[PDB]
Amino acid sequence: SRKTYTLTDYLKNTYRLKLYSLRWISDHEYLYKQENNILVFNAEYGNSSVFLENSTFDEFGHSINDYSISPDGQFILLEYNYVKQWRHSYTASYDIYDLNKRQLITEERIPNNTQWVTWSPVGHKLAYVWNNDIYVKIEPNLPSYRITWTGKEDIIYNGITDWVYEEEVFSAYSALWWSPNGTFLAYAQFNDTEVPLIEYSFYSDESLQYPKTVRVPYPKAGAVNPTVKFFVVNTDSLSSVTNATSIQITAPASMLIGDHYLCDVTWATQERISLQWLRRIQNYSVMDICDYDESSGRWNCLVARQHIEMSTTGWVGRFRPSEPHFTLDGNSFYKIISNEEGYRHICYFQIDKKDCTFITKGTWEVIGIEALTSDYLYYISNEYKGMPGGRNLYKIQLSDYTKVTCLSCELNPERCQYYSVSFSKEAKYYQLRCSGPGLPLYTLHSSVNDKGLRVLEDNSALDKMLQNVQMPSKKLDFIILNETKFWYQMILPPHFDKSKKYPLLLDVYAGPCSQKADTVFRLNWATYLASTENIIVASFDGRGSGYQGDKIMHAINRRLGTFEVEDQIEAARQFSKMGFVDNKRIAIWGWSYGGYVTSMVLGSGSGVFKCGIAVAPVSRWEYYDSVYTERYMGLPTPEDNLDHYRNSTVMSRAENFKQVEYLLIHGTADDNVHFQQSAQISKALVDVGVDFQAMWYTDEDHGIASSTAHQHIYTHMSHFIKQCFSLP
C-alpha cells in the first residue's frame, strides 16, 4: 500500500464496482447483458446462449437506450430518443421488433414523445401514454384504441403522474395497472387545474438569446392539491367503431369528505383490485377491495371489506402505507404495519375481517415482503444481531410462524451483512445481492432447499486492484443517549492511529425514516477524503431516523428541524470525546434534507463546527411540496402547525452564521427543492452581514448530476474542506 484513493479516482471512476443485473423472463430463465450482447441464462445449469446479438441493430440509425421484451417472448420493445424529465419521468421514441420474423414493425407505430409504455403481464398487448392520454394495442402492428380523450398538458394526466405524485407518492411516472392476465387496464387520472405553478429560468445553450421560463404545477405546503380519479377499462372488449367504456371506482365515503390521495394500487386476482387512500392529514388511510361484477360490467367495493390503517403518534407508513401481498386466491393478504410497540412487522389479514394477526414480532423491523408462495413468505429484515443497519433474507413457514429460517445470515457473515433479493417468476430461484461490508457479492440459489448454485459476481477484478491502494476502513457502532442506542458509522483513514487527532467531517442526511449508518460498502467522496486527506467521515442516525420503531421515527412528528438537528450536534460532541478527533477541525455537510440540517446546525450557535456545506438545501417548509411536507408538519395555518413552520427556518438563524464558515450550493433548474430556497438563505445572510461562499450551477437540477457539474461541485467542495482543515 502507498497509492491513496484520490479525488480523480472517485470522479473519473478508476475503481469500478461490478454488478450482476438480471431480469427474470420466466421461472427458469433470465436475461443478461454480456459484452454488449443480450444473453439468456438457464438458472438450473448456468448455460447461456445469445438472445439478441449486439450488432443486430448497427443499421437501426438510432442509438438504443433500453430494451423491453414482451412476457410471452414474441416481441421486443426498443426505446430510443430518451429525454429525461423529473426523477422517474422521461419521453422516448419506440420501435417494436418481431422476434419470430426477425423484422422491425413499420405500421401503426408508437408515436414519438411517448410518455410511458408497458406490456400486459402476459401475452404481448401494449398500453402507452402520449399527450397525456392512454392508448392500447392488442397486436403490435394493428391500430391503437384511444382509451381517454381528456389528457391536457400540465392539467389532465391519464395513466401518468403529475410532479407531486411522481415524486412523493408512486415514485414512478406510470399510473397504469394491468390485471394479472392482462384483461383489465386500471388507471388513475390527475387534475392539476388549480395547482399553482413553480416558475424558474432555464438558460439552455448559449445560442438561446432569451432565457426560457419553465412552469410546473407544484403544490407547496398548504396549497391546492391535484385531485385524483380512478378507472378500469376492459381491453378484451375494445371496439374499433365505438369509444372505450372506463368504469370509475370512487374513493370511500371516509376519504371523499376532504382532500385525499390515492396511495397504492395492487391487483389481488383477475377480478379483484385493492386501492389504498390516504387523507391529506396523513394519519388515516383506507384500503378498499373491489370485485368485478360480470352481470353489471362494474366494480363494487364492499364497506364491510375496507381496512383502516392509522397512527396516533405520527403519519402512516414509513413514507406511505405499505403494499399488500395477497395469497393466490385473493381472500387474505400480508402487509407490514407497526405493532403495539411501534415496530413494523408482517400482519396477516382476512379480506372480511378487521383484525389481523402478527406473524413476526420483536425489537427490530421488517423492511419488505419479497415473495409469497403457498408454503412460505419471504421477507427482508434488520433482525440479525440487533443491527438496524444490516439486511437479511428470511423465510417464514406459513403453516407455523415459529419456523423462520435466515437464508443469508450465515453465507459469508464476515463480508456480507446487507442483502437484497430477486426471485424468479414463481420464486423457484433467487439471486442474492450483498452490498457489504465487503465488496458486493452476487449469488444464485434454488428455493427448494436454499442451496447455492453458483457465484455470479465476486468483484475479484476490483479486489486485486484495491490491494495496492491505501484504503479507508469503516467502523459501525452505537452510542447511548437517554438509555437508547443510536447508531453511527465512521469512514476511517488508512493506518488509523487512536493516538492521533484527525479532522472530522459529519456527513448528514437525517430526514424522517433515514438511515445513514449501515453495513454497505461504498466508493464515494468520503472514500477520497479519508484515504487521501486523512479526514474521518462520520454519520449518525438520531431521532427521526428509521428501521428502529416509531418511538424513534415519530420523535420529530410535527417538529422538523428540532430533535434530528440537536442529535447531530450531540453526536459530534460524543465523537470529540472519543479522543482521536481534533476539536478545532469539525465540519458538517449534507445534500437537500442534509443541506437543511447542516444549515440548521451551523446556525445553532453551538460552537462545535468550524465550517459546513449545504447543497440544494430546504430552507423553510412552506417552500417544499405538500405531500412530503404535510406528512411530517401538518398545515402551515394558525389553527394547526404554523408556529413551528415559522420557527424552523434557516433564515431565522442567520445571525449565528457569523461563528462559522459556510458554503451554499444550488442548481438553478432544481424542480424539487427550488432555487428559491437558497436564494432566501443567501439574502438573509446578506441582511445580517455574514460572509459566506456560494455556487449556483446553471441549468442543473436537484441531482447536480451532469458529468461536468458533478466533477465541478466535488472539486469545489474539496478545496473548501481542505482550506477549512488547513490541508495543502
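We call the rigid core the largest set of C-alpha positions that still match within 1.5 Å between the two forms. The numbering used is simple: start at 1 and walk along the sequence shown.
- Once the rigid core is used to overlay the structures in 6 other deposited structures of this protein, the stretch among 293-301 and 603-611 whose CA atoms lie farther from this form is 293-301.
- Greater C-alpha displacement in 6 other deposited structures of this protein (rigid core superposition, RMS over structures and residues), of 50-58 versus 696-704: 50-58.
- When 247-255 is weighed against 99-107, 99-107 comes out higher, by mean CA B-factor as recorded in the entry.
- Per the PDB record, residue ranking by Cα B-factor puts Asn300 in the highest third of the chain.
- Ranked by Cα temperature factor within the chain, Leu31 sits in the highest third according to the deposited record.
- Per the deposited record, the Cα B-factor of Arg454 falls in the middle third when ranked against the other modelled residues of its chain.
- Ranked by C-alpha B-factor against the other modelled residues of its chain, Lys464 falls in the highest third.
- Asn13: CA B factor in the highest third of modelled residues in this chain (values from the PDB entry).
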